[PDB]
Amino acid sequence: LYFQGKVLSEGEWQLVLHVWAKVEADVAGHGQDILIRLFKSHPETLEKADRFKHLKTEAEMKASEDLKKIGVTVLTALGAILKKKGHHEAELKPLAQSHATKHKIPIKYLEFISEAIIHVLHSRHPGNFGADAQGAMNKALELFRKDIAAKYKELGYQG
């Protein structure tokens, strides 16, 4: 039965979740592709992670047990958020905690990984990631970035 979303229409939410079902069907693989994409597009994002220190080649990145683990974590977290269809206040709080504090991840970087996600999804899911699903995923990820930036402020992180 129906569970009312926010901001996006029920149809847009269905587009976002339908792709995401495909992502989670190969979460490690998509995590790898997305982070590698992120790191190649914006190397700065590498620098901030010390378990990503001696990572210099793709070969090295695909080999990395840690990059694989963190990819699953980031994508299962984002999946959980998106499945809330905007009702994600409570899920952002601990995320915002650890990312504002322990990891120090700027909002800029969430834009970076947003592009990476869109790019990899576009390139792997022609079936379910047509223009409409991509516009929908952009709204979902924008709403996420907006709501987490507010949560940072509620915690003084210049982000």
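Residue positions are given as counts along the sequence shown, with the first one as 1.
**OP:** Please work out which of 58-66 and 117-125 has the higher mean CA B-factor as recorded in the PDB entry.
**Re:** The stretch with the larger mean CA B-factor is 58-66.
Original post:
Hey, which bit's got the bigger mean C-alpha B factor in the entry, 85-93 or 70-78?
Top reply: Comparing 85-93 with 70-78, the higher average CA B-factor belongs to 85-93.
**OP:** Report the option among 44, 26, 33, 111 whose CA atom has the maximum B-factor in the deposited record.
**Re:** That would be 44, according to the entry.
Original post:
Lowest, middle or highest third of the chain for the C-alpha temperature factor of residue 38?
Top reply: Middle third of the chain for residue 38's C-alpha B-factor.
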